[PDB]
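This document starts with one chain, in the form deposited in one PDB entry, laid out as C-alpha cells.
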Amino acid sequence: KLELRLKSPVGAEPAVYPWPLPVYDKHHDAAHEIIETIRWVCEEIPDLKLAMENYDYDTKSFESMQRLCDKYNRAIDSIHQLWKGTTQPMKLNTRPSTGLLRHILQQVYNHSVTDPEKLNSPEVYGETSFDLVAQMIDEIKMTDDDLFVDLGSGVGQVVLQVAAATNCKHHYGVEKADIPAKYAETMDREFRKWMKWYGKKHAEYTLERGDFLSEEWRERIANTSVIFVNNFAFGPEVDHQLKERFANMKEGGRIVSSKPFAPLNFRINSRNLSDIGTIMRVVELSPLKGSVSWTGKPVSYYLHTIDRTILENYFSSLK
C-alpha cells in the first residue's frame, strides 16, 4: 500500500517505511526517524544542505510527509549528478560524528529490538548510556594497537558504539544469556546495513556467545588492552573472579567500570601485597552532569591502568 522511501546518499538500497509509520516507544517513532535521517544526511553533505533550505513539519499527513521524502530523494539525485561533474564525492569512508552515531544507533536499535519487553524494571542493560560511553571514548585514547572487549555486551550497542568511534584492531562483545545474544545478531546486521547506507566506516568487531569466566576467556582477557565492564550489580563472587583474570593483563592495559576493582586510597604495605591494587593505578572519572544517575543518586566510574612499576617501587624502597 502507501509508502515512504529514502534514498541512500551513496546509492545503497533505499530505506522503505510503511504508512502509517510505526511508533517504537513513547518517545520514538518512524516519522521522526525519517526527519532525523534527512537532517543527518544534510550534515554529511553540505551541498545537499544547500539544496534544501526548505522544510517544523506535519508528520501525520502522508502528503506532508511525502513532499519531504520527495524533496530529499530529488536533491539526492541532484547531488549524485554533481559528483559526475568535476566535484568529488563526499570523503568516502570516514567515521560517523558522535551526533550521527547516536542517531544511527537509535535507528539500529529500533529496527532490531522488535519487542523491547523481553528485557526484565531495573536498568540492567543500559538503554541511554550512549553519552556516557561517548565520554569514556573521549577520555581513554585508543589506537590501532588496542583490543577492546565489553564484558557482558548485552544486545551489543556499546561494542558497536566503540567500534564506530575508534580504530582498535578489533572490538569484542561477549554475552552469555541467549535472548540478548539473539538480539545482538540482528543488531549486528542492522548496524552493518545502516552504516553502508550512510556510507560511514567502522573498525572490525565481533559479537560472541560466551561466558567471560569460561576457561577460554582467561587467556583472551589477559590479551585485551581495553576492557569495559559495567559491574554495578556484580557483587562479591564475580568481582573476585574478575580481579583474578585482570592480574594477567599486559602493562598499560585498561579497565573501565562502575565499581572499582582496587581502591583509590590505596598505599602499598606488608599485608596487602597480593592485592591487585599493587599492580594498577586507579582513578575516579568525572561523571556527566546529566547522568542517568542510578539508585536515584549521582554515581561515577573508574579507570584502572595495569602499572607494575608500582610494585617494583615497593621493592626498590627496601634498601
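The term rigid core refers to the maximal set of C-alpha atoms that superpose within 1.5 Å between the two forms. From 1 onward, residues are counted along the sequence shown.
Compared with other deposited structures of the same protein, residue 40 does not meet the criterion of being unmodelled in at least one third, since all of those that resolve residues on both sides include it. In at least a third of the other PDB entries of this protein that model the residues around it, residue 54 has no coordinates. Going from residue 120 to residue 121, the model skips 4 to 9 deposited residues, which lack coordinates. Going from residue 55 to residue 56, the model skips 1 to 3 deposited residues, which lack coordinates.
As the entry records it, the average C-alpha temperature factor is higher for 84 to 92, out of 107 to 115 and 84 to 92. For the segment pair 220 to 228 and 122 to 130, the entry gives 122 to 130 the higher mean B-factor, averaged over Cα atoms.
Reading the B-factor column for the CA atoms of 26, 267, 281, 259 in the entry, the top value corresponds to 267.
Ranking 39, 271, 32, 254 by the C-alpha B-factor listed in the PDB entry places 271 at the top.
In the deposited entry, the Cα temperature factor of residue 298 sits in the top third of values across the chain's modelled residues.
Among the modelled residues of its chain, residue 235 has a C-alpha B-factor that falls in the highest third according to the deposited record. In this PDB entry, residue 285 carries a Cα temperature factor that places it within the lowest third of its chain's modelled residues.
Ranked against the other modelled residues of its chain, the C-alpha B-factor of residue 214 as given in the entry falls in the highest third. Among all modelled residues in its chain, residue 182 ranks in the highest third by Cα B-factor.
One more form of this protein exists, namely the form deposited in another entry; it is left out here, but the text below deals with it.
With the core held fixed, the Cα of residue 291 is displaced between this form and the one not shown by 2 Å or more.
Superposition on the rigid core between this form and the one not shown places the CA atom of residue 127 2 Å or more away from its counterpart. The pair residue 100 and residue 292 is looser in that other deposited form: their Cα-Cα distance rises by no less than 3 Å compared with this form. Between residue 256 and residue 128, the Cα distance is smaller in that other deposited form than in this structure, by no less than 3 angstroms.
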